[PDB]
Structure formats: structure tokens, C-alpha cells
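Peer 1: got an experimental structure here, sequence first:
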Amino acid sequence: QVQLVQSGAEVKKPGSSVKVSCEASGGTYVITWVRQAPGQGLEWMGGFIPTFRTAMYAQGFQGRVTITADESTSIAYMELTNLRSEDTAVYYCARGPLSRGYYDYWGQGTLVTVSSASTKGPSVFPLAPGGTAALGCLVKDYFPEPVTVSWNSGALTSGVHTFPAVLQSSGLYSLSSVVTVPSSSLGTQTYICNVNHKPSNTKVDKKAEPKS
Amino acid sequence: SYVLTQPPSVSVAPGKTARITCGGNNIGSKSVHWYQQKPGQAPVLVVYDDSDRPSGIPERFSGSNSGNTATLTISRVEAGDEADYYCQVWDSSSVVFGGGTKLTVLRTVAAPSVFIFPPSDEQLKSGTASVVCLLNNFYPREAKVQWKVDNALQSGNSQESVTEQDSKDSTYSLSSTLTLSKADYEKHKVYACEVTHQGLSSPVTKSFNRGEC
């Protein structure tokens, strides 16, 4: 029942530092940090054993990585200094049993975006609706990634397609989240998209209903 | 340092058996661990110490390691198995991962359901118009989407996005967005997206006239 919970998505200027936290919720082992650049593979950054106060780091980070822990609070930390645009990745913390070599518990990941640019929250617009109808929400002009989209506060999951973001000519992202529903439900049921953009602190709820 | 070699892709029909190889110089001398990563999710340990299996992992997942090749075998492949699979070892005080193998499920031709969405009134206020064409639940991934404005074929003003294989039916979905100024959008009436796909006898067009309800 232990769950590794990580800190939220961040934008960091190049030449700066990032500290990512990993909390062992209903728990307390080897703590590992693995990163993933978008569309690429898993890359080990290092491990740390708080009990033996021992750390092992990966070569290829120029000694910019520091892994720490606080046993009092059961939170693990990864600090990465001298951030460059190549460090834009999802950062995973993972826990494995002592001397075993594998990681049976993983955190949800933290997307760290290395950018000189300022954060921009999205504008959310509705995609208004035989037997099956389609509706959705357009999530336009945001930076950086990621955005999350739920339907009816998570009650509606079936028939949902949230598309990968496209990078527009503006250098900003845009995505659509769509859902197919029964035509008979339009006029009865209420469909709302819940959009969240953590880097900008934007939280928008938008109703996708047919025109007058 | 030590190199793990995985093929980038493996494709299998439902009910069939997938074999994901992990090549390494005398990999049989090491303990091989396997992770499954579904799109937008964290990796999940599926096989540890060559052939052992964690609690919630189906018996259909099995591992083997001898000589220069470790293999993850997935029997009776389902749409829920679509993911990227990574092998991992420890070598000279370092964690080494394979480059990953994407598992694609080979399903039948499925025609898309096509929907067109006009720009919202709220967006029009901002001086920009986004017209969206939706291709829902089709296979294979290749689809030609053509935008037509007052019968004039559009070019360089649309972008497409495609979902990963559906976890339940193995299809894809595509969104095509046509971006115009409020000026250009208001200068025309007929908005259409024409869809060419191998699951359709002839191309399907979905259209709307700027102004109707």
C-alpha cells in the first residue's frame, strides 16, 4: 500500500537548479532516480540508501546530481544543477529492496522543462456536439507541458481521447480532448472538461453543450 | 559501458505470442529485470531476476535469460499489453537499460467515425478560428485528411495529432485542426474535411455552413 508521490511539473531557466521530491506515502530500501526525455528511453541517474548513508551516481551527468533523504518525513530528493535544455525530461523516483537491483515501486514522474521562456496558461474552448455524438474541449496556447484533462471530475472515462499536444508555429502547445456519448443523452446529461495546467496554476472547467 | 540491445518494435495479432529480446555480452551471467510502460504512465516491474514475477502480473508474462539473449515472452497478447517494454541489468556499479521495445497489436481494418467542429463563439472573440476534424477509432494509423474551404483545398494551415493504440480495441484516433484568422473564417461559408482511409469504400466528408444551427 506504499505509493511514491512526486512534486509537480516545473519550468526552470537554463543555468539553474531543480530539486525534485519523492514521498513514500504509507511507507518508508534503495531509492532510485530515472529520467525520461519526451519520446525516449529510461536513463538511470543514481541511487541512494538512507540507512547506509550511501549514494551511487550515474556517469554522464558531469557530477550535477545529488540524491538526499529525510527519514523523519520519509521524503527522497533529487537535485540537478546547471540545467540545460537537454535536461527537459520526466523525472521518476523508484524504490527497490536492498541489494536486489530492481525497482518494484515507481512514482508518477515529474516533468521538468528547461526553458528561458515565460509560462503561459491555456485558453479552453468547447467542441460542441445518429445514435452516437462527439463533444470535447480545445486546450490552446499553453507553455510548458503538461496539461491534464478529466471529464465530469473523473466520472466520465469511457470513449475519452485526449490527444498528444501539438507544438504550434507560435511555439506554444495546443491539445484537444474528445468524448463520444449517446445522442439521446444530449439534453439530459451535462459534459464538463476539467483542465489543469500546474506550471501556470491554471484550473478551468468548461461545459461542452449543443448550440441554441 | 555495458550495452543492452532491444529491437525498437514487435507487432502481434490478438491471442498470439510476443517475444521481446534483450541482447548483451554474456547477459546470462546477470539478473535481468523487465518493465512495462504504458503511454503517459510510470514503468511497472513485470519480471525480476530473469523469470520471477511480481504479485499482480498475469502468468501470461514470462522471462528467460541464457547466453547472450534475455527474452520477455507475452502469451495470448491482448490490447491491454500495448506498451513500451524495457530490460534492465546492473554492470560495474551502474544501472543499464535497454532502449525499449514498443508492442503493437495487429488488429483488422476499422473505418473511422468522422466528426467536424466549428470554432466556438468565445474563441472567435479572440480573433482566431480553430476548426476541428475528428477521426474516431480507426485502423490502420494511416489516414488522409483534406480540408476544404468554399471547395478550395487547404494547405499549410492544419496540424494533426494521433493517439497511441487504444488499450481496449487496438484502434487509433486522429484530430486535425485547421487554424484561420477570424477575418479569413468570416470570409467563407462552407467548411469541410474529407477523409481517405483503407476501411472506407470511398472518401467520407463532414461539413458545416458557417451560420447554421
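Peer 2: That came in fine, so what should we check first? Numbers count the residues shown, from 1 in each chain, chains lettered A, B, ... in the order given.

Peer 1: dump the residue contacts of residue A:97.
Peer 2: A:29-30, A:104 (C-beta atoms under 8 Å, 6 or more residues apart in numbering or on different chains). The way it works is simple: take the backbone N, C-alpha and C, and place the C-beta from them, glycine included.

Peer 1: please list which of those residues are also close to chain B.
Peer 2: Near chain B, judged by C-beta under 8 Å from any C-beta of the partner chain, the entries from the contacts of residue A:97 are residue A:104.

Peer 1: looking at the contacts of residue A:97, which one is closest to chain B?
Peer 2: residue A:104 (4.8 Å; C-beta to the nearest C-beta).

Peer 1: now do the contacts for the closest one.
Peer 2: Residue A:104 touches A:95-97, B:45, B:48, B:54, counting by C-beta under 8 Å, 6+ apart.

Peer 1: list buried members of these by neighbour count.
Peer 2: A:95-96, B:45, B:48 (16 or more other C-beta atoms under 10 Å in any protein chain shown).

Peer 1: how far does stretch A:189-204 sit from its chain's centre?
Peer 2: Between the centre of stretch A:189-204 and the centre of its host chain there is 15 Å, according to C-alpha atoms, centre = their mean, to the nearest Å.

Peer 1: domain ranges for chain A?
Peer 2: A:1-116, A:117-212 (curated CATH domains).

Peer 1: with chain B instead?
Peer 2: B:1-107, B:108-213.

Peer 1: out of the ones you listed, flag the one nearest residue A:143.
Peer 2: domain B:108-213 (16.1 Å; C-beta to C-beta).

Peer 1: so the closest one, near chain A or not?
Peer 2: Yes: on the criterion C-beta under 8 Å from any C-beta, domain B:108-213 is in touch with chain A at B:113, B:115, B:117-120, B:122-123, B:126, B:130, B:132, B:134, B:136, B:159-163, B:173, B:175, B:177, B:179, B:213.

Peer 1: go on, stretch B:76-83?
Peer 2: No: contact of stretch B:76-83 with chain A is not found when judged by C-beta under 8 Å from any C-beta; the minimum separation is 12.9 Å.

Peer 1: what residues of that stretch count as buried?
Peer 2: Buried-residue list, stretch B:76-83, by 16+ other C-beta under 10 Å: B:77, B:81-83.

Peer 1: one more: stretch A:183-191?
Peer 2: So, applying 16+ other C-beta under 10 Å, buried residues of stretch A:183-191: A:186, A:191.

Peer 1: contacting residues around it?
Peer 2: A:129-133, A:135, A:151-152, A:156, A:179, A:181, A:207-210.

Peer 1: just these now: which is nearest chain B?
Peer 2: residue A:132 (7.0 Å).

Peer 1: the closest one contacts residue A:182, doesn't it?
Peer 2: Yes: here residue A:132 reaches residue A:182: they are 6.6 Å apart, a contact under C-beta atoms under 8 Å.

Peer 1: please give the number of neighbouring residues around residue 179.
Peer 2: By default, I'm working from chain A. 25 (other C-beta atoms under 10 Å in any protein chain shown).

Peer 1: try chain B instead
Peer 2: Counted with other C-beta under 10 Å, residue B:179 comes out at 19.

Peer 1: look up phi and psi at it.
Peer 2: phi -110, psi 120 (degrees, to the nearest 10).

Peer 1: wait, it touches residue B:127, no?
Peer 2: No: using C-beta under 8 Å as the test, residue B:179 is too far from residue B:127 to be in contact (11.7 Å).

Peer 1: for ChimeraX, write a command that selects the buried ones of the contacts of stretch A:183-191.
Peer 2: Buried residues among the contacts of stretch A:183-191 (16+ other C-beta under 10 Å), as a ChimeraX selection:
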select /A:129,133,135,151,156,179,181,208,209
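
Peer 1: out of the contacts of stretch A:183-191, list just those in strands.
Peer 2: Filtering the contacts of stretch A:183-191 for membership in strands, criterion DSSP state E, returns A:132-133, A:135, A:151, A:179, A:181, A:207.

Peer 1: what's the closest non-adjacent residue to the residue nearest the centre of chain B?
Peer 2: Central residue of chain B (C-alpha atoms, centre = their mean): residue B:164, 2.0 Å from the mean position. Distance criterion C-beta to C-beta, 6 or more residues apart in numbering or on different chains; nearest residue to residue B:164, sequence neighbours excluded, is residue B:39 at 4.3 Å.

Peer 1: right, and the one you found touches residue B:166 too?
Peer 2: No: the pair residue B:39 / residue B:166 is not scored as a contact, 10.6 Å apart, by C-beta under 8 Å.

Peer 1: more neighbours: which of those two?
Peer 2: residue B:166 (17 against 13).

Peer 1: ok, that one - contacts?
Peer 2: With C-beta under 8 Å, 6+ apart, residue B:166 has these contacts: B:79, B:137, B:172-173.

Peer 1: which stretches of chain B form helices?
Peer 2: With helices called from DSSP state H, chain B shows them at B:121-124, B:182-186.

Peer 1: turn the ones you listed into a markdown table, including mean neighbour count.
Peer 2: A markdown table is the format used below for these (neighbours: other C-beta atoms under 10 Å in any protein chain shown):
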| stretch | mean neighbour count |
| --- | --- |
| helix B:121-124 | 14 |
| helix B:182-186 | 14 |
